[PDB]
>>> print(open('query_35.txt').read())   # compact mmCIF, C-alpha atoms and all ligand atoms
# COMPACT_ATOMS: atom_id res chain seq x y z
CA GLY A 1 4.25 -1.35 18.19
CA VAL A 2 1.33 0.11 16.38
CA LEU A 3 -1.41 -2.36 15.49
CA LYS A 4 -2.70 -1.69 11.96
CA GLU A 5 -6.20 -0.11 12.04
CA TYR A 6 -5.23 0.17 15.72
CA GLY A 7 -6.43 -3.49 15.83
CA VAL A 8 -9.92 -2.08 15.29
CA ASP B 35 -8.83 27.15 -3.54
CA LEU B 36 -6.38 25.67 -6.04
CA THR B 37 -4.47 28.95 -6.44
CA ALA B 38 -3.87 29.23 -2.70
CA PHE B 39 -2.68 25.62 -2.62
CA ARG B 40 -0.37 26.26 -5.57
CA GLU B 41 1.18 29.25 -3.76
CA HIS B 42 2.29 26.82 -1.04
CA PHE B 43 3.30 24.24 -3.60
CA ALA B 44 5.60 26.72 -5.43
CA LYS B 45 7.57 27.35 -2.21
CA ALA B 46 7.57 23.94 -0.59
CA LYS B 47 11.05 22.41 -0.14
CA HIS B 48 9.93 19.06 1.36
CA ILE B 49 6.59 17.49 0.44
CA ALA B 50 5.21 14.40 2.12
CA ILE B 51 2.52 12.58 0.19
CA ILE B 52 0.46 9.95 2.06
CA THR B 53 -1.58 7.58 -0.12
CA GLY B 54 -4.45 5.21 0.75
CA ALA B 55 -6.64 2.76 -1.03
CA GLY B 56 -8.34 5.36 -3.21
CA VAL B 57 -5.29 5.71 -5.39
CA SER B 58 -5.20 1.94 -5.99
CA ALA B 59 -8.93 1.46 -6.41
CA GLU B 60 -8.70 3.90 -9.35
CA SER B 61 -6.15 1.65 -11.07
CA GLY B 62 -8.79 -1.11 -11.16
CA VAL B 63 -7.33 -2.89 -8.12
CA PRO B 64 -9.70 -4.52 -5.70
CA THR B 65 -9.24 -3.93 -2.01
CA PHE B 66 -11.57 -6.69 -0.83
CA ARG B 67 -12.96 -4.48 1.89
CA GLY B 68 -16.61 -3.51 1.85
CA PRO B 69 -19.18 -3.78 -0.88
CA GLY B 70 -18.43 -6.65 -3.31
CA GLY B 71 -14.98 -7.01 -1.74
CA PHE B 72 -15.30 -10.76 -1.60
CA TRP B 73 -12.84 -13.36 -2.84
CA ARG B 74 -14.61 -16.73 -2.85
CA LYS B 75 -16.58 -16.56 0.42
CA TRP B 76 -14.12 -14.36 2.29
CA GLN B 77 -13.17 -10.80 2.80
CA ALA B 78 -9.76 -9.39 3.36
CA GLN B 79 -10.29 -9.28 7.14
CA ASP B 80 -10.73 -13.05 7.29
CA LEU B 81 -7.59 -13.87 5.39
CA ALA B 82 -4.96 -11.26 6.17
CA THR B 83 -4.09 -12.60 9.63
CA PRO B 84 -1.48 -14.94 11.10
CA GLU B 85 -4.33 -17.22 12.34
CA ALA B 86 -5.54 -17.77 8.77
CA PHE B 87 -1.97 -18.46 7.65
CA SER B 88 -1.27 -20.84 10.53
CA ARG B 89 -4.47 -22.83 9.95
CA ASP B 90 -4.71 -22.77 6.17
CA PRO B 91 -1.56 -21.46 4.55
CA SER B 92 -2.51 -22.89 1.13
CA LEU B 93 -5.78 -20.90 1.14
CA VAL B 94 -4.01 -17.66 2.15
CA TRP B 95 -1.34 -18.23 -0.54
CA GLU B 96 -4.06 -18.84 -3.18
CA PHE B 97 -5.54 -15.44 -2.23
CA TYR B 98 -2.19 -13.61 -2.41
CA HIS B 99 -1.32 -15.41 -5.67
CA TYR B 100 -4.61 -14.27 -7.18
CA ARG B 101 -3.81 -10.69 -6.16
CA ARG B 102 -0.25 -10.82 -7.52
CA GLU B 103 -1.51 -12.22 -10.80
CA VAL B 104 -4.29 -9.63 -11.15
CA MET B 105 -1.68 -6.82 -10.80
CA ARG B 106 -0.12 -7.74 -14.13
CA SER B 107 -3.18 -6.21 -15.93
CA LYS B 108 -3.64 -3.25 -13.59
CA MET B 109 -1.58 -0.14 -14.43
CA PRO B 110 -0.52 3.00 -12.59
CA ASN B 111 -2.97 5.83 -13.06
CA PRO B 112 -2.51 9.53 -13.72
CA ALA B 113 -2.35 10.26 -9.99
CA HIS B 114 0.50 7.79 -9.45
CA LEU B 115 2.30 9.18 -12.47
CA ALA B 116 1.90 12.84 -11.45
CA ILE B 117 3.37 11.93 -8.06
CA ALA B 118 6.35 10.21 -9.62
CA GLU B 119 7.06 12.92 -12.18
CA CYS B 120 6.65 15.64 -9.55
CA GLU B 121 9.29 13.88 -7.41
CA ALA B 122 11.65 13.68 -10.41
CA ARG B 123 11.19 17.31 -11.43
CA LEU B 124 11.50 18.71 -7.90
CA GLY B 125 14.48 16.46 -7.11
CA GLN B 126 16.41 18.11 -9.93
CA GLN B 127 15.81 21.43 -8.15
CA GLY B 128 17.02 20.04 -4.80
CA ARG B 129 13.45 19.84 -3.46
CA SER B 130 12.34 16.71 -1.67
CA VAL B 131 9.25 14.57 -2.26
CA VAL B 132 8.49 11.39 -0.29
CA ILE B 133 5.59 9.00 -0.59
CA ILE B 134 4.18 7.23 2.50
CA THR B 135 1.75 4.60 1.23
CA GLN B 136 -0.75 2.25 2.88
CA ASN B 137 -0.89 0.29 -0.41
CA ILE B 138 0.93 -2.98 -1.02
CA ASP B 139 0.44 -3.07 -4.84
CA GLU B 140 3.87 -1.55 -5.78
CA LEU B 141 2.04 0.72 -8.32
CA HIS B 142 3.95 3.73 -7.00
CA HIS B 143 7.18 1.92 -7.94
CA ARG B 144 5.86 1.02 -11.36
CA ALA B 145 4.91 4.69 -11.84
CA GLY B 146 8.53 5.79 -11.18
CA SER B 147 8.46 6.98 -7.57
CA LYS B 148 11.79 6.38 -5.82
CA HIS B 149 11.41 7.75 -2.30
CA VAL B 150 8.67 5.43 -1.09
CA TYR B 151 7.81 4.08 2.36
CA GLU B 152 5.52 1.05 2.02
CA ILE B 153 4.15 1.01 5.56
CA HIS B 154 2.06 -2.13 4.98
CA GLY B 155 4.66 -4.06 3.01
CA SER B 156 4.38 -5.34 -0.52
CA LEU B 157 2.52 -8.06 -2.46
CA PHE B 158 5.81 -8.58 -4.30
CA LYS B 159 8.04 -9.30 -1.38
CA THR B 160 8.29 -12.45 0.68
CA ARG B 161 9.47 -12.97 4.25
CA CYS B 162 10.84 -16.32 5.45
CA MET B 163 8.99 -17.68 8.47
CA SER B 164 12.21 -19.50 9.46
CA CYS B 165 15.24 -17.18 8.92
CA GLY B 166 13.33 -13.87 8.51
CA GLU B 167 14.90 -12.87 5.19
CA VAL B 168 12.94 -10.43 3.04
CA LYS B 169 13.28 -10.78 -0.73
CA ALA B 170 11.63 -9.09 -3.69
CA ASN B 171 9.62 -11.47 -5.82
CA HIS B 172 7.62 -10.82 -8.97
CA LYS B 173 7.72 -14.39 -10.24
CA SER B 174 4.59 -15.50 -12.20
CA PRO B 175 3.56 -17.97 -10.82
CA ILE B 176 5.42 -17.67 -7.51
CA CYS B 177 5.82 -21.46 -7.33
CA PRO B 178 4.72 -24.25 -9.65
CA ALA B 179 2.10 -25.62 -7.26
CA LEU B 180 0.23 -22.31 -7.41
CA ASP B 181 0.21 -22.16 -11.21
CA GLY B 182 -3.30 -21.36 -12.44
CA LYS B 183 -4.74 -21.39 -8.89
CA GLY B 184 -6.50 -18.73 -6.79
CA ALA B 185 -9.73 -18.44 -8.79
CA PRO B 186 -12.03 -15.91 -7.07
CA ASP B 187 -15.41 -17.48 -7.79
CA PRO B 188 -16.94 -18.70 -4.53
CA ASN B 189 -17.49 -22.31 -5.74
CA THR B 190 -13.87 -22.84 -6.70
CA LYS B 191 -12.41 -25.85 -4.91
CA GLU B 192 -9.47 -25.34 -2.66
CA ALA B 193 -6.01 -26.25 -4.03
CA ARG B 194 -5.02 -27.72 -0.61
CA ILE B 195 -1.36 -27.46 -1.52
CA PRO B 196 0.97 -29.29 0.86
CA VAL B 197 3.04 -26.83 2.84
CA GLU B 198 6.25 -28.28 1.39
CA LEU B 199 5.14 -27.13 -2.06
CA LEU B 200 4.19 -23.58 -1.17
CA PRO B 201 6.83 -20.87 -1.74
CA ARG B 202 10.02 -21.79 0.04
CA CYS B 203 13.22 -20.06 1.14
CA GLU B 204 15.96 -20.57 -1.38
CA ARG B 205 19.04 -20.38 0.88
CA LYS B 206 18.99 -24.12 0.60
CA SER B 207 20.08 -25.01 4.14
CA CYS B 208 17.07 -22.99 5.51
CA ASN B 209 14.21 -23.91 3.12
CA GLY B 210 11.60 -22.21 5.35
CA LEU B 211 7.99 -21.49 4.39
CA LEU B 212 7.67 -18.02 2.89
CA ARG B 213 4.86 -15.65 3.69
CA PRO B 214 3.88 -12.39 1.97
CA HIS B 215 5.93 -9.51 3.45
CA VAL B 216 2.74 -7.63 4.24
CA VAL B 217 1.48 -6.28 7.54
CA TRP B 218 -1.52 -8.31 8.56
CA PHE B 219 -4.46 -7.43 10.82
CA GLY B 220 -3.17 -7.75 14.39
CA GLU B 221 0.50 -7.12 13.50
CA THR B 222 2.72 -4.12 14.34
CA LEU B 223 4.10 -1.74 11.77
CA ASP B 224 7.91 -1.80 11.44
CA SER B 225 9.49 0.50 14.08
CA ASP B 226 12.44 1.42 11.86
CA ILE B 227 10.05 2.46 9.11
CA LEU B 228 8.01 4.55 11.52
CA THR B 229 11.09 6.32 12.82
CA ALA B 230 12.07 7.21 9.20
CA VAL B 231 8.56 8.41 8.47
CA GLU B 232 8.61 10.58 11.64
CA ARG B 233 11.84 12.24 10.51
CA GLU B 234 10.40 12.99 7.04
CA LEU B 235 7.14 14.34 8.48
CA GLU B 236 9.02 16.53 10.94
CA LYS B 237 11.10 18.09 8.15
CA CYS B 238 8.37 18.52 5.59
CA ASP B 239 6.72 21.90 4.88
CA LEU B 240 3.67 20.69 2.99
CA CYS B 241 1.76 17.45 3.19
CA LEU B 242 -0.77 15.83 0.79
CA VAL B 243 -3.14 13.04 1.70
CA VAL B 244 -4.30 11.19 -1.42
CA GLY B 245 -7.01 8.49 -1.75
CA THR B 246 -7.64 8.33 1.97
CA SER B 247 -8.46 10.79 4.78
CA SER B 248 -6.61 12.80 7.44
CA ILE B 249 -9.06 11.42 10.06
CA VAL B 250 -9.04 7.69 9.28
CA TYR B 251 -5.96 5.51 9.71
CA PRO B 252 -3.16 5.34 8.83
CA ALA B 253 -3.30 8.99 7.86
CA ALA B 254 -4.56 10.00 11.34
CA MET B 255 -1.12 9.06 12.81
CA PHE B 256 0.94 11.29 10.72
CA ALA B 257 -1.12 14.22 9.78
CA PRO B 258 -1.73 15.67 13.28
CA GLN B 259 2.00 15.86 13.80
CA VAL B 260 2.42 17.89 10.62
CA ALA B 261 -0.64 20.10 11.25
CA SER B 262 0.61 20.92 14.75
CA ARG B 263 3.82 22.38 13.20
CA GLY B 264 1.44 24.76 11.37
CA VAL B 265 2.01 23.05 8.03
CA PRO B 266 -0.66 23.00 5.37
CA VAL B 267 -2.28 19.64 4.67
CA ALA B 268 -4.19 19.04 1.44
CA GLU B 269 -6.58 16.13 0.95
CA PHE B 270 -7.33 14.67 -2.50
CA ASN B 271 -10.18 12.19 -2.17
CA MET B 272 -13.66 11.47 -3.31
CA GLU B 273 -15.16 12.03 0.19
CA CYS B 274 -17.41 14.98 0.85
CA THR B 275 -16.94 17.62 3.57
CA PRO B 276 -19.76 19.87 4.96
CA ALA B 277 -20.12 23.48 3.71
CA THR B 278 -19.91 24.71 7.28
CA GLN B 279 -16.25 23.61 7.07
CA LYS B 282 -6.69 22.63 5.56
CA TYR B 283 -7.42 22.12 1.82
CA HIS B 284 -9.74 19.55 0.27
CA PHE B 285 -10.03 18.77 -3.42
CA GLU B 286 -13.03 16.52 -3.85
CA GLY B 287 -12.98 13.99 -6.66
CA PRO B 288 -10.94 11.21 -8.21
CA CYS B 289 -7.28 11.95 -7.59
CA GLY B 290 -6.38 10.86 -11.14
CA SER B 291 -8.30 13.98 -12.24
CA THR B 292 -7.38 16.44 -9.50
CA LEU B 293 -3.80 15.63 -8.79
CA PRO B 294 -2.14 16.05 -12.21
CA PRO B 295 -3.67 19.58 -12.35
CA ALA B 296 -2.62 20.46 -8.79
CA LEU B 297 0.95 19.13 -9.16
CA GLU B 298 1.79 20.40 -12.70
ZN ZN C 1 14.81 -18.76 5.22
>>> encode(input="query_35.txt", output="structure tokens")
Amino acid sequence: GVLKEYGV
Amino acid sequence: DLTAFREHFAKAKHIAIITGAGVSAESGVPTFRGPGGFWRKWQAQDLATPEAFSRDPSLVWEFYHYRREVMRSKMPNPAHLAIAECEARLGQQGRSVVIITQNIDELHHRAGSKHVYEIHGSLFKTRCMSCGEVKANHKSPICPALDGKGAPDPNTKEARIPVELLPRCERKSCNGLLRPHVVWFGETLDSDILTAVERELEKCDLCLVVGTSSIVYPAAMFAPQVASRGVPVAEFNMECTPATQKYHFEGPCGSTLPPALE
């Protein structure tokens, strides 16, 4: 699943 | 070139509009990210995580309660309204408009938009940490223990509300602790929502990106897919582009968008 911000 | 954009607009049968924090900042709604984006000592990053909720759920609920309560005085802006009325008008003609929003403030709903994908959740939904049920909730205050709490001044003392008295699940045999139904930092977006968004993006023939950018996230996920179908993408945002620069209308979207979408 897609991390929000890409987990940035 | 507004006229060239409007030539595409006149013909478009399926418009996807992606919205970011710029459309909500212009309604007077703090993000808590960046300059002055403090609540007491903390910034959004520090609070919007499952680790904050696990270790201090009362503090995280005070923060979300504050935000819910502040929304009562904030109103949808001309950009939100243009988007909603555009959807209504085009829908009558059999033409489709869908909004894909990063924002959790529900302002698009208050504006009148129906076809909305809230990819980060909503300040006004809860999810039960026990049974998983999602429920809409606009109650002011969400529970009695939170009444009058959440003050944003850094020297405010913590409420330290016992977990039993925070918002609870009302299917009485469960009674689980509720959390905001918001995507937090380190959590995955809903797969079902993403599959719906992919279908809309794949069918659309014009895409607008409002109060964020095609190159930052979340917009960067979607917009390449549409651009690679050859579809025009139009940004409405305050950010500059070089002069050695598919459409960009620079400025506050509450000014630009009602003119572009009339
Ligand atoms: Zn429950």
>>> closest_residue(input="query_35.txt", among="B:189, B:225, B:156, B:65", to="residue 170 in chain B", atoms="all atoms listed in the file")
B:156
>>> residues_around(input="query_35.txt", residues="residue 78 in chain B", least_positions_apart="3", cutoff="12 Å", atoms="all atoms listed in the file", output="list in words")
residues 64, 65, 66, 67, 68, 69, 70, 71, 72, 73, 74, 75, 81, 82, 83, 86, 94, 97, 98, 101, 218 and 219 of chain B
>>> axis_aligned_box(input="query_35.txt", around="range 1-7 of chain A", padding_each_side="5 Å", output="JSON")
{"center_x": -1.1, "center_y": -1.7, "center_z": 15.1, "size_x": 20.7, "size_y": 13.7, "size_z": 16.2}
>>> closest_atom_pairs(input="query_35.txt", of="chain B", to="ligand ZN 1 (chain C)", cutoff="6 Å", atoms="only C-alpha atoms and all ligand atoms", output="JSON lines")
{"residue": "B:162", "atom": "CA", "partner": "C:ZN1", "partner_atom": "ZN", "distance": 4.7}
{"residue": "B:164", "atom": "CA", "partner": "C:ZN1", "partner_atom": "ZN", "distance": 5.0}
{"residue": "B:165", "atom": "CA", "partner": "C:ZN1", "partner_atom": "ZN", "distance": 4.0}
{"residue": "B:167", "atom": "CA", "partner": "C:ZN1", "partner_atom": "ZN", "distance": 5.9}
{"residue": "B:203", "atom": "CA", "partner": "C:ZN1", "partner_atom": "ZN", "distance": 4.6}
{"residue": "B:208", "atom": "CA", "partner": "C:ZN1", "partner_atom": "ZN", "distance": 4.8}
{"residue": "B:209", "atom": "CA", "partner": "C:ZN1", "partner_atom": "ZN", "distance": 5.6}
{"residue": "B:210", "atom": "CA", "partner": "C:ZN1", "partner_atom": "ZN", "distance": 4.7}
>>> closest_atom_pairs(input="query_35.txt", of="chain B", to="chain A", cutoff="8 Å", atoms="all atoms listed in the file", output="CSV")
residue,atom,partner,partner_atom,distance
B:217,CA,A:4,CA,7.6
B:218,CA,A:4,CA,7.5
B:219,CA,A:4,CA,6.1
B:220,CA,A:7,CA,5.6
B:221,CA,A:3,CA,5.5
B:222,CA,A:3,CA,4.6
B:223,CA,A:2,CA,5.7
B:224,CA,A:1,CA,7.7
B:225,CA,A:1,CA,6.9
B:251,CA,A:5,CA,6.1
B:252,CA,A:5,CA,7.0
>>> atom_distance(input="query_35.txt", atom1="CA of residue 238 in chain B", atom2="CA of residue 125 in chain B")
14.2 Å
>>> decode(input="query_35.txt", residues="chain A", atoms="N, CA, C and O atoms", output="CSV table (one decimal), in the first residue's frame")
chain,number,residue,atom,x,y,z
A,1,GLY,N,0.9,-1.2,0.0
A,1,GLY,CA,0.0,0.0,0.0
A,1,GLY,C,0.9,1.2,0.0
A,1,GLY,O,2.1,1.2,0.4
A,2,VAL,N,0.3,2.3,-0.5
A,2,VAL,CA,1.1,3.5,-0.7
A,2,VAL,C,1.2,4.2,0.6
A,2,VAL,O,0.2,4.6,1.2
A,3,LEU,N,2.4,4.5,1.1
A,3,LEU,CA,2.6,5.3,2.3
A,3,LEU,C,2.3,6.7,1.8
A,3,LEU,O,2.6,7.1,0.7
A,4,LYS,N,1.7,7.5,2.7
A,4,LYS,CA,1.4,8.9,2.4
A,4,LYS,C,2.7,9.7,2.5
A,4,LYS,O,3.5,9.5,3.4
A,5,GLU,N,2.9,10.7,1.6
A,5,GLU,CA,4.1,11.4,1.3
A,5,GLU,C,5.2,10.5,0.7
A,5,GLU,O,6.3,10.9,0.3
A,6,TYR,N,4.8,9.2,0.5
A,6,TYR,CA,5.7,8.1,0.3
A,6,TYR,C,6.5,7.7,1.6
A,6,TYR,O,7.5,7.0,1.5
A,7,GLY,N,6.1,8.1,2.7
A,7,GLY,CA,6.7,7.9,4.0
A,7,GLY,C,7.9,8.9,4.2
A,7,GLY,O,8.7,8.7,5.1
A,8,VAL,N,7.9,10.0,3.4
A,8,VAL,CA,9.1,10.8,3.2
A,8,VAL,C,9.4,11.6,4.5
A,8,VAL,O,10.5,12.2,4.6
